[PDB]
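Chains as they are written, first to last, in the authors' numbering: chain E, 1 to 221; chain B, 1 to 221; chain A, 2 to 210; chain D, 2 to 210; chain F, 37 to 428; chain C, 37 to 430. The block underneath contains the structure these notes are about, expressed in C-alpha cells.
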Amino acid sequence: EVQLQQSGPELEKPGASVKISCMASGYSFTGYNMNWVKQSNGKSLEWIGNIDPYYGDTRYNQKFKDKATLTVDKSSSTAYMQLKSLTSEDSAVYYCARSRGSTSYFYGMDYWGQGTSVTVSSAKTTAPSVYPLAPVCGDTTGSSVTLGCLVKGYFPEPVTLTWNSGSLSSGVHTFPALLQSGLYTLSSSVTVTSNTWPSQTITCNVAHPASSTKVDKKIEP
Amino acid sequence: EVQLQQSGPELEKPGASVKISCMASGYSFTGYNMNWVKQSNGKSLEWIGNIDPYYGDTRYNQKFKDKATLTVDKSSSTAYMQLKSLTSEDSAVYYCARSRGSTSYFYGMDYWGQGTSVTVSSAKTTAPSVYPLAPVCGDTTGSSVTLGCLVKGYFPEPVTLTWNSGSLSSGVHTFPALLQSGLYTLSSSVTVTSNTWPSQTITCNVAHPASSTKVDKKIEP
Amino acid sequence: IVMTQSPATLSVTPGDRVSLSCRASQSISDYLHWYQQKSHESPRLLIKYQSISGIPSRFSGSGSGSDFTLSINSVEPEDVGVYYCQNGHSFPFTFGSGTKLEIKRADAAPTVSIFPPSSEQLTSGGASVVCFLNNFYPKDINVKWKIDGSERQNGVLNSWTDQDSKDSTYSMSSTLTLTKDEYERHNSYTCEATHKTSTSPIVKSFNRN
Amino acid sequence: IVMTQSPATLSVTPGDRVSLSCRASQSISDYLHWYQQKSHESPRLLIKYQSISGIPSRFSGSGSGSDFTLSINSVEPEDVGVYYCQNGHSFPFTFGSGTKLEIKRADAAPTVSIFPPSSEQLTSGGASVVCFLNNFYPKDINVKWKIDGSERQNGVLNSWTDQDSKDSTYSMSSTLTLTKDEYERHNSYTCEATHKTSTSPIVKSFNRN
Amino acid sequence: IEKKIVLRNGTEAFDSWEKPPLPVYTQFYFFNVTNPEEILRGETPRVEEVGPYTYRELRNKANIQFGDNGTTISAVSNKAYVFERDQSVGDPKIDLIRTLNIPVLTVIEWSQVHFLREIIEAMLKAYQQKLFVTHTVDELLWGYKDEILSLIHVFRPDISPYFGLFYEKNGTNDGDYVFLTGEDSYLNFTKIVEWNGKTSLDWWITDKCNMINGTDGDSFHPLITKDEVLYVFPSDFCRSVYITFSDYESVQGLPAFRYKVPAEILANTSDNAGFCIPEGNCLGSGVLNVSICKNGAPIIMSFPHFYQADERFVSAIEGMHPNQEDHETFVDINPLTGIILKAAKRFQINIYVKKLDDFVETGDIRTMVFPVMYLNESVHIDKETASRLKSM
Amino acid sequence: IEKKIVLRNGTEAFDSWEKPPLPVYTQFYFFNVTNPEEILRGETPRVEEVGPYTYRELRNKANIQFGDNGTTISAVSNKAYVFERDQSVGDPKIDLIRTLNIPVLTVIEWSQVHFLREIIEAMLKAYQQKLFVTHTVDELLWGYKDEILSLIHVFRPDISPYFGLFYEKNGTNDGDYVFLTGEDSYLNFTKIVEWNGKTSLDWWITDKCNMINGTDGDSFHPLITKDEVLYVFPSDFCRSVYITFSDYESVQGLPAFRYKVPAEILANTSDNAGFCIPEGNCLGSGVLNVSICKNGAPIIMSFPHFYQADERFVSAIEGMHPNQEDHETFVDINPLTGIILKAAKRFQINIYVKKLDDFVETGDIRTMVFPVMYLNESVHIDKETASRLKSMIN
Ligand SMILES: *[C@@H]1O[C@H](CO)[C@@H](O[C@@H]2O[C@H](CO)[C@@H](O[C@@H]3O[C@H](CO[C@H]4O[C@H](CO)[C@@H](O)[C@H](O)[C@@H]4O)[C@@H](O)[C@H](O[C@H]4O[C@H](CO)[C@@H](O)[C@H](O)[C@@H]4O)[C@@H]3O)[C@H](O)[C@H]2NC(C)=O)[C@H](O)[C@H]1NC(C)=O
Ligand SMILES: *[C@@H]1O[C@H](CO)[C@@H](O[C@@H]2O[C@H](CO)[C@@H](O[C@@H]3O[C@H](CO[C@H]4O[C@H](CO)[C@@H](O)[C@H](O)[C@@H]4O)[C@@H](O)[C@H](O[C@H]4O[C@H](CO)[C@@H](O)[C@H](O)[C@@H]4O)[C@@H]3O)[C@H](O)[C@H]2NC(C)=O)[C@H](O)[C@H]1NC(C)=O
Ligand SMILES: *[C@@H]1O[C@H](CO)[C@@H](O[C@@H]2O[C@H](CO)[C@@H](O[C@@H]3O[C@H](CO[C@H]4O[C@H](CO)[C@@H](O)[C@H](O)[C@@H]4O)[C@@H](O)[C@H](O[C@H]4O[C@H](CO)[C@@H](O)[C@H](O)[C@@H]4O)[C@@H]3O)[C@H](O)[C@H]2NC(C)=O)[C@H](O)[C@H]1NC(C)=O
Ligand SMILES: *[C@@H]1O[C@H](CO)[C@@H](O[C@@H]2O[C@H](CO)[C@@H](O[C@@H]3O[C@H](CO)[C@@H](O)[C@H](O[C@H]4O[C@H](CO)[C@@H](O)[C@H](O)[C@@H]4O)[C@@H]3O)[C@H](O)[C@H]2NC(C)=O)[C@H](O)[C@H]1NC(C)=O
Ligand SMILES: *[C@@H]1O[C@H](CO)[C@@H](O[C@@H]2O[C@H](CO)[C@@H](O)[C@H](O)[C@H]2NC(C)=O)[C@H](O)[C@H]1NC(C)=O
Ligand SMILES: *[C@@H]1O[C@H](CO)[C@@H](O[C@@H]2O[C@H](CO)[C@@H](O)[C@H](O)[C@H]2NC(C)=O)[C@H](O)[C@H]1NC(C)=O
Ligand SMILES: *[C@@H]1O[C@H](CO)[C@@H](O[C@@H]2O[C@H](CO)[C@@H](O)[C@H](O)[C@H]2NC(C)=O)[C@H](O)[C@H]1NC(C)=O
Ligand SMILES: *[C@@H]1O[C@H](CO)[C@@H](O[C@@H]2O[C@H](CO)[C@@H](O)[C@H](O)[C@H]2NC(C)=O)[C@H](O)[C@H]1NC(C)=O
Ligand SMILES: *[C@@H]1O[C@H](CO)[C@@H](O[C@@H]2O[C@H](CO)[C@@H](O)[C@H](O)[C@H]2NC(C)=O)[C@H](O)[C@H]1NC(C)=O
Ligand SMILES: *[C@@H]1O[C@H](CO)[C@@H](O)[C@H](O)[C@H]1NC(C)=O
Ligand SMILES: *[C@@H]1O[C@H](CO)[C@@H](O)[C@H](O)[C@H]1NC(C)=O
C-alpha cells in the first residue's frame, strides 16, 4: 500500500542530464531515508545513496558519487535524482526504496518502486511495424494452434504487448527484444486450442510510449 | 491557475451537521486567508468567516458565530467548515475564495471556488425519471426541428444534463429547476436542422450526484 | 455599515455607458471591490479600491470618500449579470443587494414548439404536455393552456431562463402536468401565448390522434 | 566494506536444503539483510538481520560477525531469482554480487511451431521467418536453420525466456530475418531443433506456395 | 467510651496525628535497559532490577486551624526524604542507570495536541535527541536539567527546565487538605472532604470515578468490621481506591485485619470504564493511564512487575517476574482503634512507547508499556507502642 | 622640494596624520514613513525627511609600527561620535522615527537562503511581527533589543540580540590597515596595500572588482594633475571607487580641484558587471548590492535621494528629489600638497523589500528598493590651518 510510484522511462543525449522522482504515498514522509539503487543489465545492484529528510543530510558513495546529486526530496512528497555527465555505461535501471533506519545503523529497505530504465544514447526514436503470424496451412487438426507477433524495428525500450485487449493472458509468454543494427525486435507466442479459431478472433495489441503508437492487427486465417 | 475545488453538493436533515472543504491548489497555502461566503439562491451574498493558516486566526461574522466553525488542514491546504444545528433557512450555495493579510481593512477575493449546494430538508432522495420529447407527427417541413427532454420529479438538485455528451451546444437550452410537492422537475430544449433526423441519433445525457445515477434516452421519432 | 446604491436593474444598450452607485453608512475612505457574478459562475473580482482591476478588461471605477460608481465605456451583451460592492473597512465587510444589468435589442419572435406526452411516460402512468418558447425578446410574455376550449389555469409549471451571453434572447418552458385518465378524456390540446412581437395570439396546437 | 557471496548458480531438484554463504572482509556484527529479486520485479526484503522478518516464508539465516548463511527448508518452483546480502554496519551499505539459482525439473522436449513471413511484411520489402521453441528443459539447446541443403549461420536472432515460476520451462524464439528478394530465391525452408531428449532432432518445414 | 480517639487539641491522638511516631521508609527500584540498541530495531526489551535505594520520610502537619464547630480540621502534610545508606545498595549520586529519555517523550506528547507543535518539531530536527539516556540515580528522582526543556523554558518561562520523578517534593506539601474529625460520628474519623477547593476530581469521565471517598490511607475509623470495604484516596494515584478484607493476621501482640487491594481496581470492568480518559479502549486489565494528572506525559501506572495485570504486559518485557508477597499491596489495621500497624503500598511508573512515523528517535520500536521504576512505601509498628495500647 | 609630505617620526604631516586637526562632522537624515498600511496594499510609499542629527567625530590612530626599510606603516583609525545639539534638529533620545523592521527582514533572508530555516520560519509564524516599527532616532543607529534576535540569541549565542546601523561603532576601528608612504615614491603616499591580512577583496566576482585601489579616503598624494582619476577605498562602500575632475574652486585662500563621483560608479556598464553578485542580475544603475558586505541583509547602497540613479527608483518612492550640491559627493583638494581642503561624502542605506508568499508579514507590498537613511560626513578646513599652510616652496 506504500505505493512507491516511480517513474517515467527516459532517454537522453550523451553529456546531458536527467532527473527522476519517486513520489511516495501511504506514510508520513519524514523520518524515512529513501535510498537509491542502480542495477546494470548484468544485475548486481549497487547502492548510490540516501537522503533522510528529517535531519537534513546526504550520504553518497565516493567513487560512484561524482555523477548524481540527490537534491532535497522537497519535504512534501517526491524524490529527485538528477544524474549529470551522462555516459553510455550508465544505461541501467534505477530503483528507489525507503528506510526506517536511524543514525549509523541500516534498518533495511521496506518497499521499492518499479524503477526506471534510463537509456543513454544518441539515437532517433522510431515506431514499430508489426506483422501478425498465422500458421502455415492444412487446418491444424491437432488440439492446439499457435500464433505470433513480431513487432520489428523500434526504439527505444520498452514496448507493451498484450493479446485481445488483455483478456487473454493464460497461454502466452513474450520474448525479450534483441539489438539488431540500432533497432529492437521481440516476438510473442500465444497458444490456444483449435476449438476457437478462426471464428473467435485473437488479436495482438502493441503500444509504444515514445513514438505514441497503438496497433491492433488481426491474424488472417 | 490556483484551482479551488469545493466538496460536492450535500443533503442533510434539519438538526444535523455538514462539513464542506475547498481543497486549494497552485499556491503556497500557508499565506492566504481563504474566506467563506454564503450566497443564498437569492444572491443575498453573506460573509461567513475568516481563517488564517499562518497564525490560526478565527474571526467570523457574529450572525454566523454560533453556527459555523472553520478548521485548518495545513497540508493539502484543504479548509473545512462545520455547519451546526441546521435550519431550512441555511439552504444555500457556499463559495470560498483567497485573501491576503489583514490586521485592518480587507482586500478582495482573488480566486473563488465552484460552490457547494446545501439542501437542508427532511425528504429522501429520489432517482430522476427521463422522458423523451419527440415533435408532433406531421410537423414535416421546417428549416429546423425542435425537440425536448423531460426530467420529472427528481430531487435533489443538482442534476447535470447534456445533449450527446457535450458534442451539442448549438441550440441547447437548459431550463432552471422548479419544484412542487418536494420533488424537483426540469426540461431542456435543443434545435437542429430538419434534415439530420433521424439519420444522426440524438441522446439525452443526464446525471444525478446525490443519488449516483446517470441515464440516457434515444429520441423516438 | 449597510451598502445599497441605485437599486437595481436595467438594460444599457449594445453601446451607451452605465453607472451603478454604492453608498456607505460610514466614510470607509477608498475600500470597495465590486464583484461580478455571471449567470452560472462563481463571483469574480472586478475593481479593487476604485481604480485597480486584474485581468477582466475595459471596466473602470470612480469615486472615493463615501460614494462610488462603476462604469462600462463600451458595453457588450457578454457582461449581463449582477454586481455587488463590498466594504473592506471595518468588517464584517458585508456586500450590497446587487444590480442586475440587462440589455435591450431588437424585437424577437419566439419559436413555439408543442410536444404530446411521451409513450414511455404514458405507460408509467403520467401525462405531461410540454411547450417551449425559446429565443425571444423581451422577457414579458404569458401562456394560456386551452384544451377543448377549456381554461386550465391549474397544474401549469413555467420556468424562465436568463439572457444568453451571445444573442440577448430569453426562453421559457411551460409544462402541463396531468393524469393519464384526465388526458384520455379530452383530445384537443393547445398552448397559445401572446407576446409584444405580434398582434393576436401565437398558437401551436394538436389533438390526440 | 567489500563483501562476496558464493556460489554463482545453484540447481535444486527441488525440495532440498540449500546453503547460501555471504562473507565480508570486515566484521559487521549481525547486520545482514538478504534481498530477493525475481525476473521483472523490484527486489524485496526477506530477512532483516539474519533473523526472521518480512512475513511471507520459511527462509532462515544465521551467523555473526562475518561468514553469514541463508538457507531454505525446502525449495518450491516460485523461489527462482537472485539473492543479495546486505552490509548494514558500515557505510556505504555495500551490496554483494548476485548468487542467482537455476531450478531443476523433469526433462521435457520442446514443442516447436514454424511461421512463414506474413503477407504484410512481404509487400513492405522484408522477409523475416520465425520459429518458436516453447516449454522445455534444460535451457541448453541448439537450433539449426537451413533454407534447403544450404545451412544458415548468419542473420539469426535468438531470444531466451527465463524459467517460469509455476512450472520451470524455458522458451525461445529463433527468427531468421531475410531480404525480400533474398527470400525469393530458394523454394523450401526448414527449422529444426536438437535437444537432450530424443537424439533425433525436431524438424518443421514448409514450401513457398 | 471511645472518645479518646477523636481529633481535638486535647486528646493523645492529635500528638500522634501531627507527627506520627512511626518511621516510614520508601525504597526505589529502577529498571536498567540491557539492550537499548536492539529495541529500536524492533525487538523485545530486557530489563534488570536495581535497588533498593531507601529513603526515610519526615512527615509533618503544618497550618492547622479548627473549622466549623470543631467538626473539621485543616492541614498540609510536608514530606521530606532523608537518604538512608545502610539499606540502599549504592550511592544514588554515583550509581548510573539507563532508562527512557522521558523529557523528550513528553514534548512529543505536547507536540501532538498542538501545544507548540510547530516550534517543538523544529527544535527536534535541529538538536538530535537519544531515546535512551544515562543519568545517575540521584538525578532521576531529584531533578536533572534537559536540553529540550531548557530551550522551551525560554519561550514559556513557566515550565521548569529540570525533570524528575519526585522533582522538588523534598520538604514541601502536596496540596491543601481539610479533614472530618470524629464528633459527627466515628465512621468519618480523619475522613477526606475537600482537596484544594474542588469537592471532587474532574480529570476522569464519569461522576462516579471522580468522587473522593474515604481517608488518605494514613489512618482509618475505629470499629472496623470484616464486612465493609475501606476507601482510600492517595494524593498521587489520581483516584479513590478501595481495599477489601483478606483474613486474620496478628502483628506484635495486637490483633489485626489484613486489607489488600482487589484485582478489579485495574481490570477493564465497566465500573472502571470512566477511568480510561478517552471513552473507549482502556489499554487493558491491570494498568491505568495517569497522564492527565501529570503534565500530559504518557506515564502509565501499574503494580510492580505488572502484578494483578494482563499477560501480554509481562511477556512484552524481559525481566518481569510478578508474584505475591513481593509486589502485592496490603494494609494491616487494628479492628478496634482503626490505628494502622504494618503496610506496604507498591506503585510502578511506566511510559507508553510506540513507533511514530513522524519522529526518528523512536525507530521501529515495539508498541508496549515500558517500565521505568517502582517502589513500596512501608511502615512497621514499633515495639514500645505494642504495649501502650492498653486498658480498654 | 615636497619631501616634507612623507611620514616619519617628527614630520609635521605625521602629527596631523595621527590626530587630525580638521573637525569632522557627521549628520544623519532619516525617512519617516507616512502611510505604512497603504504600502501593504501595493501602493507608492510616502516618506519625509527628519534631519539633521549632527555628530562630531573624534579621529586618532593607534598601533603604529614602521616595517621593512621604513617604506610601510600599519595603523588602525578610531571614530567616536560626540553629539552636538546646537546644529541638530531635535533630540535623538526623544524624537521617534518609523521605517522598516529591518531585523525581521534579515532573518527572512537568512531563511530564504538557508541557515536556521525551519526554526526561524516556525518561530516567525509563532511570534507576530509588524513590517513597520517605531523606535527612537537614537535607538535605530545605536542599537535596540527588539524580540527575535533576543530569541535567536538562545540557540546561537554567536549573534547579538541587539540590532543597529552604527551599532557599537563608537571607539572601535574598521579592522586592520597597513599603509605605504612616499619614501619609495610620493605617488603611493597613503596607498592601501592590505586591509585585514588580505591583499584583495573576496566579496565580488571578477578579479577587478575585488581589487583595493587607492587610499583610506582622507589623504592624497602631492602634485595632482587636473585629469587624474584618483581612486579611494571607503570601508563602508565595500568596493574601490574613483573620482574625476569637475571644475575649479578656491577654498579659503588656497586653490583647489573639486573632484566628484561619476555615474559610471554603480552604473550598468560591463566594468560594474562583476558586482552583480546575483550573477548578471544587477539592478538599475546607481545602486550597489552590498548584502554580502553586510551580514546577510538585503542592504542596497545608493546616493541620497537616488542621485545619478535610474528614473525607476526615484518614481517608485514619493518624496525623492535628487540634485547637485545637496546629494553630490565631492572632495576639494589642494593640487600641490594633496591635502583635503573641503569634502562632502554622502551615502544612503536602503533595504530590498518585496512581497513573499511564504510570509504574511510583507503583505501586498511592492518589489522595490526602500530607502531608510542617508548621512553626510563633511570636513572643512579653517584659517588657522590655512594660514599654517603658507608653505609654497622651501
Ligand atoms: C493517556 O492519556 C492521555 C491524556 O489524557 C491521552 O491523550 C489524549 O488522547 C489524544 C492523544 O492521542 C488526544 O486527542 C487528540 O487531540 C488533538 C488535539 O486536540 C486539541 O486541539 C484542537 C486543535 O488545536 C482543538 O480544537 C481541540 O479542542 C483540542 O484542544 C486532536 O488533533 C485530535 O482531534 C480529533 O481527532 C479526530 C479527527 O481525526 C476526531 O474525530 C476526534 O473527535 C478528535 O476531536 C484529538 O482530539 C487528547 O486530546 C489527549 N488528551 C489530553 C488531555 O492530552 C493518551 O491518548 C492516553 N494514552 C492511551 C494509550 O490511551
Ligand atoms: C544581493 O546579493 C545577495 C548576496 O550577496 C543575493 O542573495 C543571493 O541570491 C540568492 C537569494 O535570492 C541565493 O541563492 C539561493 O541559495 C539557496 C541556499 O543555498 C544554500 O543551501 C543549499 C542547500 O542547503 C546548499 O547546498 C548551498 O551550498 C547553499 O549553502 C538555494 O537553496 C537557492 O536555490 C533555490 O532558489 C533559486 C532561486 O534563486 C531557484 O532557482 C532554485 O531552483 C532553488 O529553488 C539559491 O541557490 C544566494 O545564496 C544568495 N547569496 C547570499 C550570500 O546570501 C541577493 O539575491 C542580491 N539581491 C539582488 C536584488 O540582486
Ligand atoms: C551635509 O549634507 C547635508 C545634506 O545634503 C547638507 O544639508 C543641506 O545644506 C544645504 C546648504 O545649507 C541646504 O541647501 C539650502 O537649502 C535652503 C532651503 O531653505 C532652508 O533654509 C533654512 C536653513 O538656513 C531652513 O530654516 C529652511 O527650513 C530650509 O531648510 C536654501 O535656502 C539654500 O539656497 C541657497 O543656496 C542655493 C545654492 O544654489 C541658491 O540656489 C539659493 O538661491 C540660496 O542662495 C540651499 O539650497 C539643504 O537644504 C540642506 N539639507 C537639509 C536636508 O537640511 C549639509 O549642508 C552638508 N554639509 C554640512 C557641512 O553640513
Ligand atoms: C518493600 O519492597 C521490597 C520489594 O518487594 C521488599 O524487599 C523484599 O523482601 C522480601 C522479604 O524480605 C524478599 O523476599 C526474599 O527474597 C529472597 C530472594 O533472594 C528469598 O531467599 C526469601 O525467601 C525466603 O522467604 C520466603 C517467604 O515466602 C520463602 O518462600 C523462602 O523459601 C525463604 O524462606 C524471600 O523470598 C525480596 O527479595 C525483597 N525484594 C527486593 C527487591 O529486595 C521489602 O520487604 C518491602 N518492605 C520493606 C519494609 O522494605
Ligand atoms: C530532604 O530534605 C531534608 C530537609 O529538608 C534533607 O535532610 C537534611 O539534609 C541535610 C544535608 O544532607 C543534613 O545536613 C540534615 O541533617 C538533614 N536533616 C535531617 C533531619 O536528617 C534531606 O537531605 C533531603 N533529601 C533529599 C534527597 O534531598
Ligand atoms: C466513591 O463513591 C462510591 C463509594 O460508596 C463508589 O460508587 C459506588 O459504586 C457501587 C458499585 O458500582 C455502587 O453500588 C454504589 O451505590 C456507588 N456509590 C454511590 C454513592 O452511588 C465510587 O466508585 C467511589 N469512587 C471511587 C473512585 O471508587
Ligand atoms: C476491556 O473490556 C471491554 C468491554 O467492556 C472490551 O471491549 C470488548 O472487546 C471484546 C473483544 O474480545 C469484544 O468482543 C466486545 O464486544 C467489546 N465490547 C465493547 C463494549 O466494545 C475491551 O476491548 C477490553 N480492553 C482491552 C484492552 O481488550
Ligand atoms: C582597481 O584596479 C584598476 C585601477 O587602475 C581598475 O581596472 C582598470 O580599468 C581600466 C579601464 O576599465 C583598464 O584600462 C585598466 O587596465 C584596469 N587596471 C588594471 C590593473 O588592469 C579596476 O577596475 C579597479 N577596481 C575598482 C573596484 O575600482
Ligand atoms: C543592465 O544592462 C544589461 C546589459 O548590459 C541589461 O541586460 C540587457 O537588457 C536589455 C533590455 O533593455 C536587453 O536588450 C539586452 O539583451 C540585455 N543584455 C544582457 C547581456 O542581458 C540589464 O537589463 C540592465 N539592467 C537593468 C536593471 O536595466
Ligand atoms: C459522617 O458520616 C455519616 C455516617 O457515615 C454521614 O451520614 C455524614 O454525612 C458524614 N458527614 C459528612 C460531612 O459527610
Ligand atoms: C608605489 O611606489 C611606486 C610608484 O608608483 C610603485 O611602482 C610601487 O609599485 C608602489 N609600491 C607598492 C609597495 O605598491
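Every residue gets a Cβ at the ideal spot worked out from N, C-alpha and C, and that includes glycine.
Check	Outcome
Whole-angstrom distance between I142(D) and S199(D), CA atom to CA atom	12 Å
Opposing strand residues paired with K115(F) [DSSP bridges]	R95(F) and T208(F)
Proximal residues, the segment 151-182 of chain E versus chain D, C-beta separation under 9 Å	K152, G153, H173, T174, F175, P176, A177, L178 and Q180
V190(F): CB within 6 Å of a non-hydrogen atom of ligand 2	no
Beta-bridge partners of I203(A), as assigned by DSSP	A194(A)
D393(C) in three-state terms, based on DSSP	coil
Assigned exposure category for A98(C) - 16 Cβ within 10 Å defines buried	exposed
Environment of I56(D) [buried if 16+ CB atoms lie within 10 Å]	exposed
Chain F residues whose Cβ lies nearer than 7 Å to that of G31(E)	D393, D394, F395 and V396
Beta carbon nearer than 6 Å to a non-hydrogen atom of ligand 9	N304(C), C318(C), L319(C) and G320(C)
Candidates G211(C), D220(C), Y213(C) and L141(C): closest to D182(C) by CA position	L141(C)
Opposing strand residues paired with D57(B) [DSSP bridges]	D52(B)
contact_flag[the segment 100-115 of chain E, the segment 180-200 of chain E] where n(CB pairs < 8 Å) is 3 or more	no
Short Cβ contact (7 Å threshold) for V350(C) with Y295(C)	no
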